[PDB]
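What's in entry-v3.cif: mmCIF, C-alpha atoms
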```cif
data_start
#
loop_
_atom_site.label_atom_id
_atom_site.label_comp_id
_atom_site.auth_asym_id
_atom_site.auth_seq_id
_atom_site.Cartn_x
_atom_site.Cartn_y
_atom_site.Cartn_z
CA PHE C 214 -103.92 40.12 67.97
CA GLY C 215 -101.46 39.96 70.88
CA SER C 216 -98.27 41.61 72.15
CA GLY C 217 -97.20 42.59 75.66
CA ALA C 218 -93.82 44.23 75.08
CA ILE C 219 -95.33 47.67 75.76
CA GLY C 220 -98.09 46.86 78.26
CA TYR C 221 -95.80 44.79 80.48
CA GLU C 222 -93.29 47.62 80.89
CA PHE C 223 -96.03 50.18 81.57
CA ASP C 224 -97.57 47.92 84.22
CA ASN C 225 -94.12 47.37 85.74
CA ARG C 226 -93.53 51.14 85.79
CA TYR C 227 -96.92 51.74 87.42
CA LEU C 228 -96.08 49.21 90.12
CA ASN C 229 -92.62 50.78 90.53
CA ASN C 230 -94.23 54.16 91.15
CA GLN C 231 -96.54 52.48 93.67
CA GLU C 232 -93.45 50.88 95.23
CA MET C 233 -91.72 54.25 95.61
CA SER C 234 -94.87 55.87 97.00
CA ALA C 235 -95.28 53.07 99.55
CA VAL C 236 -91.66 53.14 100.73
CA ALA C 237 -91.56 56.95 100.81
CA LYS C 238 -93.98 56.97 103.77
CA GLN C 239 -91.62 54.83 105.88
CA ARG C 240 -90.30 56.68 108.94
CA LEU C 241 -88.16 55.59 111.89
CA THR C 242 -89.64 57.73 114.65
CA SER C 243 -88.01 59.68 117.49
CA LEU C 244 -89.04 61.26 120.81
CA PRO C 245 -89.70 58.16 122.97
CA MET J 1 -55.64 54.29 123.46
CA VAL J 2 -56.43 51.51 125.92
CA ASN J 3 -56.30 48.76 123.30
CA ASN J 4 -53.42 47.74 121.04
CA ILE J 5 -53.22 48.12 117.25
CA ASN J 6 -52.94 44.54 116.04
CA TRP J 7 -52.56 44.78 112.26
CA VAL J 8 -54.56 42.80 109.69
CA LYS J 9 -54.84 42.91 105.92
CA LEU J 10 -57.38 45.02 104.06
CA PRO J 11 -59.74 42.23 102.79
CA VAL J 12 -60.76 41.64 106.40
CA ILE J 13 -63.20 44.48 105.69
CA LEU J 14 -64.50 42.67 102.59
CA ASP J 15 -65.04 39.61 104.77
CA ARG J 16 -67.66 41.73 106.53
CA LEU J 17 -69.10 44.02 103.85
CA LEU J 18 -70.03 41.27 101.40
CA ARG J 19 -72.33 39.60 103.94
CA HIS J 20 -74.76 42.25 102.68
CA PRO J 21 -76.29 41.25 99.30
CA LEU J 22 -76.38 44.92 98.23
CA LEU J 23 -72.59 45.32 98.69
CA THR J 24 -71.46 42.30 96.66
CA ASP J 25 -69.87 44.35 93.84
CA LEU J 26 -67.37 46.00 96.17
CA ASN J 27 -63.74 45.18 95.42
CA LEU J 28 -60.28 45.61 96.89
CA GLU J 29 -59.91 48.52 94.46
CA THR J 30 -62.88 50.23 96.12
CA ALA J 31 -61.85 49.07 99.58
CA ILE J 32 -58.45 50.74 99.21
CA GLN J 33 -59.90 54.11 98.20
CA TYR J 34 -62.62 54.24 100.83
CA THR J 35 -60.27 52.94 103.51
CA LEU J 36 -57.75 55.69 102.78
CA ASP J 37 -60.61 58.20 102.81
CA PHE J 38 -61.73 56.92 106.22
CA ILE J 39 -58.18 56.92 107.63
CA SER J 40 -57.73 60.54 106.60
CA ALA J 41 -61.21 61.74 107.60
CA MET J 42 -60.71 60.23 111.06
CA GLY J 43 -57.14 61.49 111.43
CA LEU J 44 -56.28 59.17 114.31
CA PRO J 45 -52.54 59.34 115.14
CA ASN J 46 -52.39 55.83 116.63
CA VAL J 47 -53.04 54.38 113.16
CA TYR J 48 -49.78 55.75 111.69
CA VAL J 49 -46.27 54.36 112.10
CA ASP J 50 -43.83 56.53 114.03
CA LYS J 51 -40.53 56.77 112.14
CA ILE J 52 -37.38 58.87 112.51
CA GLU J 53 -35.13 59.63 109.55
CA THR J 54 -32.21 62.04 109.17
CA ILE J 55 -31.56 64.20 106.11
CA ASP J 56 -28.99 66.81 105.13
CA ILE J 57 -29.77 70.43 104.22
CA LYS J 58 -28.08 71.73 101.08
CA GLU J 59 -29.01 75.42 101.32
CA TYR J 60 -32.19 76.11 103.32
CA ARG J 61 -33.65 73.05 101.57
CA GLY J 62 -33.68 69.30 102.09
CA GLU J 63 -35.10 66.21 100.45
CA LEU J 64 -38.05 64.65 102.27
CA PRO J 65 -38.72 60.90 102.70
CA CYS J 66 -41.12 59.17 100.34
CA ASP J 67 -43.69 57.85 102.82
CA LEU J 68 -44.02 60.99 104.96
CA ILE J 69 -47.55 62.16 105.75
CA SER J 70 -47.01 64.39 108.80
CA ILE J 71 -44.05 65.67 110.81
CA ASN J 72 -44.07 65.27 114.58
CA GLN J 73 -40.96 67.43 115.00
CA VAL J 74 -37.72 68.54 113.37
CA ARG J 75 -34.50 69.08 115.31
CA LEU J 76 -30.82 69.71 114.67
CA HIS J 77 -28.84 66.48 114.59
CA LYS J 78 -25.86 67.81 116.56
CA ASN J 79 -27.54 69.98 119.23
CA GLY J 80 -30.88 68.21 119.51
CA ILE J 81 -32.70 71.55 119.60
CA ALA J 82 -36.15 71.25 118.05
CA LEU J 83 -37.35 73.50 115.23
CA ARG J 84 -40.47 75.65 115.06
CA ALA J 85 -42.76 76.70 112.23
CA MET J 86 -41.21 79.38 110.02
CA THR J 87 -43.22 82.59 110.24
CA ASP J 88 -40.64 84.42 108.11
CA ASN J 89 -41.64 85.56 104.62
CA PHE J 90 -38.06 86.12 103.35
CA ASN J 91 -36.10 83.13 104.67
CA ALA J 92 -33.57 82.28 101.95
CA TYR J 93 -33.66 85.70 100.26
CA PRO J 94 -30.96 88.22 101.25
CA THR J 95 -30.94 92.01 101.28
CA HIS J 96 -28.32 94.24 99.62
CA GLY J 107 -32.05 83.69 115.27
CA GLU J 108 -33.98 80.71 116.59
CA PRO J 109 -34.11 78.06 113.83
CA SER J 110 -37.34 77.08 112.10
CA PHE J 111 -38.65 75.06 109.17
CA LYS J 112 -41.48 74.64 106.67
CA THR J 113 -42.60 71.67 104.58
CA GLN J 114 -44.88 71.62 101.52
CA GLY J 115 -44.11 68.63 99.28
CA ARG J 116 -40.93 66.59 99.03
CA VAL J 117 -38.97 69.69 100.13
CA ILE J 118 -38.38 71.01 103.65
CA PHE J 119 -37.39 74.69 103.87
CA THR J 120 -35.25 75.18 106.96
CA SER J 121 -33.54 78.39 108.08
CA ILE J 122 -30.11 76.68 108.21
CA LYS J 123 -27.75 76.48 105.25
CA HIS J 124 -25.70 73.30 105.80
CA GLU J 125 -26.71 70.95 108.61
CA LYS J 126 -28.29 67.56 109.25
CA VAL J 127 -31.77 67.51 110.79
CA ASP J 128 -33.71 64.69 112.46
CA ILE J 129 -37.36 64.38 111.42
CA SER J 130 -39.81 62.29 113.44
CA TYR J 131 -42.63 61.69 110.97
CA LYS J 132 -45.69 59.48 110.61
CA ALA J 133 -46.42 57.03 107.79
CA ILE J 134 -48.83 54.17 106.97
CA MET J 135 -48.18 50.58 107.99
CA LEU J 136 -47.98 48.62 104.74
CA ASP J 137 -48.48 44.96 103.87
CA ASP J 138 -46.22 42.51 102.07
CA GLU J 139 -48.16 43.90 99.13
CA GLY J 140 -47.76 47.64 98.74
CA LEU J 141 -51.18 48.24 100.30
CA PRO J 142 -52.48 49.86 103.50
CA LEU J 143 -52.68 47.75 106.64
CA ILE J 144 -55.65 48.39 108.94
CA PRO J 145 -56.24 47.85 112.68
CA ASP J 146 -58.32 44.81 113.58
CA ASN J 147 -60.16 46.68 116.34
CA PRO J 148 -63.80 45.60 115.75
CA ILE J 149 -64.92 49.16 116.46
CA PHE J 150 -62.62 50.38 113.70
CA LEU J 151 -63.72 47.57 111.38
CA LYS J 152 -67.41 48.21 112.03
CA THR J 153 -67.00 51.95 111.47
CA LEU J 154 -65.08 51.43 108.22
CA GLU J 155 -67.70 48.91 107.10
CA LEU J 156 -70.39 51.50 107.82
CA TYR J 157 -68.41 54.18 105.95
CA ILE J 158 -68.14 52.05 102.82
CA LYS J 159 -71.78 50.98 103.17
CA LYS J 160 -72.89 54.60 103.54
CA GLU J 161 -70.95 55.70 100.46
CA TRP J 162 -72.30 52.85 98.34
CA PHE J 163 -75.86 53.48 99.52
CA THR J 164 -75.43 57.19 98.77
CA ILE J 165 -74.53 56.25 95.20
CA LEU J 166 -77.47 53.84 94.92
CA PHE J 167 -79.80 56.47 96.39
CA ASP J 168 -78.63 59.08 93.89
CA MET J 169 -79.58 56.44 91.33
CA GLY J 170 -82.89 55.82 93.10
CA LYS J 171 -82.09 52.17 93.89
CA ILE J 172 -82.30 52.55 97.70
CA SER J 173 -85.16 53.79 99.85
CA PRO J 174 -84.40 57.10 101.64
CA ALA J 175 -85.19 55.50 105.01
CA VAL J 176 -82.47 52.91 104.38
CA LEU J 177 -79.88 55.61 103.71
CA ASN J 178 -81.03 57.61 106.73
CA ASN J 179 -80.60 54.57 108.97
CA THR J 180 -77.17 53.86 107.50
CA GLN J 181 -76.04 57.45 108.06
CA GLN J 182 -77.33 57.42 111.64
CA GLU J 183 -75.51 54.19 112.46
CA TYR J 184 -72.32 55.41 110.80
CA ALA J 185 -72.43 58.70 112.69
CA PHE J 186 -72.76 56.97 116.05
CA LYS J 187 -69.98 54.50 115.28
CA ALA J 188 -67.75 57.29 113.97
CA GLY J 189 -68.10 59.04 117.32
CA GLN J 190 -67.49 55.74 119.11
CA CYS J 191 -64.31 55.02 117.13
CA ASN J 192 -63.04 58.58 117.58
CA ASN J 193 -63.39 58.25 121.33
CA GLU J 194 -61.94 54.72 121.37
CA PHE J 195 -58.74 55.74 119.59
CA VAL J 196 -58.32 59.02 121.53
CA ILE J 197 -59.17 58.45 125.21
CA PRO J 198 -55.90 57.93 127.16
CA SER J 199 -54.82 54.66 128.73
CA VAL J 200 -53.83 54.35 132.39
CA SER J 201 -50.15 54.66 131.49
CA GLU J 202 -50.98 57.69 129.34
CA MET J 203 -53.02 59.16 132.19
CA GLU J 204 -49.91 59.00 134.37
CA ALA J 205 -48.11 61.08 131.74
CA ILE J 206 -51.04 63.50 131.62
CA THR J 207 -51.13 63.71 135.42
CA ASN J 208 -47.41 64.39 135.67
CA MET J 209 -47.85 67.12 133.06
CA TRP J 210 -50.89 68.58 134.83
CA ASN J 211 -49.80 68.83 138.49
CA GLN J 212 -46.64 70.95 138.58
CA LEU J 213 -45.89 73.38 141.40
CA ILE J 214 -43.12 74.81 139.20
CA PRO J 215 -44.57 74.65 135.65
CA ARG J 216 -42.47 73.12 132.87
CA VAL J 217 -43.06 74.99 129.60
CA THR J 218 -40.05 73.92 127.52
CA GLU J 219 -40.70 70.33 126.45
CA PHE J 220 -40.82 71.43 122.81
CA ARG J 221 -37.07 72.12 122.85
CA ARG J 222 -36.58 68.48 123.75
CA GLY J 223 -38.63 66.00 121.77
CA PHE J 224 -41.38 66.21 124.40
CA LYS J 225 -39.26 63.66 126.27
CA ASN J 226 -40.07 65.17 129.68
CA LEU J 227 -43.70 66.06 129.05
CA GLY J 228 -44.71 63.20 131.36
CA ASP J 229 -41.99 63.09 134.03
CA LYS J 230 -43.08 63.57 137.63
CA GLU J 231 -42.20 66.88 139.26
CA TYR J 232 -40.48 66.02 142.55
CA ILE J 233 -40.19 68.74 145.21
CA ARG J 234 -37.53 68.32 147.88
CA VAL J 235 -38.52 68.30 151.55
CA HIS J 236 -37.27 71.13 153.78
#
```
Give the structure from this file in structure tokens form.
Amino acid sequence: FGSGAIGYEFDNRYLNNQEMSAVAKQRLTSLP
Amino acid sequence: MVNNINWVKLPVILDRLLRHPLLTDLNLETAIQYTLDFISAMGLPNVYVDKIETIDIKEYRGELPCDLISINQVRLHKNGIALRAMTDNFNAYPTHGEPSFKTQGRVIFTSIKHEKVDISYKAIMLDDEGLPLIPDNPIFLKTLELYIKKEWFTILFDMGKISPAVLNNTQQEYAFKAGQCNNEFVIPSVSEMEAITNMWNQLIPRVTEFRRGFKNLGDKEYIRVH
């Protein structure tokens, strides 16, 4: 059969968690 | 202040905020609140309008103007002698000196029963609409823009809709521009530095400019030649 109303949102949530992990390592450094 | 306070209407800040696609839901309703918050948090006296208004004292009490925010001084209308803060705990209460005053709300508690007093107070410059009117100094505008941006990004970050680095950068920029604006609106002008110099260099010190309305705080102190 076929339906993506639950897999699409889980994939989107997985990629959102990856998004937050990626942007949580961003730092504007100091001590130049 | 070196520069002059040329007045412009509040949506001049929304001209500048809404360039940012993440600040497009800001409104004049939000601009008014955050602008008043910034005006108070900065506490710059050059942003307020200097006004003088006389009232009568009924019995150790007087009605206060509507737009008052702070009192520069209070004096007696007939003598011109300025008033001091009332340290007394039992002013208008009898049992069985130098005048003073106290202000809480719309009431001013003086130590005089029946007299007219002159109050030099500060208010907000308003628009043709009953709204605040802001300086057009681009330092002030940029700092207010950064204040509103920082508040909105704090909300979005509490929601998790903004990266923490973004909010950290916004807070850093706002902090630097807050210091910059504070210094811009505080550092004296050349004409104000003459007043400060005349106050500073005094062979015979003058320590009674509070009695007057600080009229002679800045007069030069001329010593005769012998």
Set out as JSON lines a contact list for chain C and chain J with a cut-off of 10 Å, giving each residue of chain C that qualifies its closest atom pair and distance in Å to one decimal, counting only C-alpha atoms, ordered by chain and rising residue number.
```
{"residue": "C:232", "atom": "CA", "partner": "J:173", "partner_atom": "CA", "distance": 9.9}
{"residue": "C:233", "atom": "CA", "partner": "J:173", "partner_atom": "CA", "distance": 7.8}
{"residue": "C:236", "atom": "CA", "partner": "J:173", "partner_atom": "CA", "distance": 6.6}
{"residue": "C:237", "atom": "CA", "partner": "J:173", "partner_atom": "CA", "distance": 7.2}
{"residue": "C:238", "atom": "CA", "partner": "J:175", "partner_atom": "CA", "distance": 9.0}
{"residue": "C:239", "atom": "CA", "partner": "J:175", "partner_atom": "CA", "distance": 6.5}
{"residue": "C:240", "atom": "CA", "partner": "J:175", "partner_atom": "CA", "distance": 6.6}
{"residue": "C:241", "atom": "CA", "partner": "J:175", "partner_atom": "CA", "distance": 7.5}
```
What would the selection look like, as an NGL selection string, if the PyMOL selection byres ((chain J and resi 180) around 10) were run on the coordinates I just shared? :J and (156-157 or 159-161 or 163-164 or 174-179 or 181-185)
One decimal, Å: what's the distance from CA of residue 130 in chain J over to CA of residue 52 in chain J, could you say?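 Atom-to-atom, CA of residue 130 in chain J to CA of residue 52 in chain J, that is 4.3 Å.
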For a test of reading the model, state the distance in Å between CA of residue 188 in chain J and CA of residue 153 in chain J, rounded to one decimal.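 Separation of CA of residue 188 in chain J and CA of residue 153 in chain J: 5.9 Å.
Here CA of residue 147 in chain J and CA of residue 5 in chain J stand 7.1 Å from one another.
Closest to residue 40 in chain J among J:13, J:63, J:154, J:8 is J:154, based on only C-alpha atoms.
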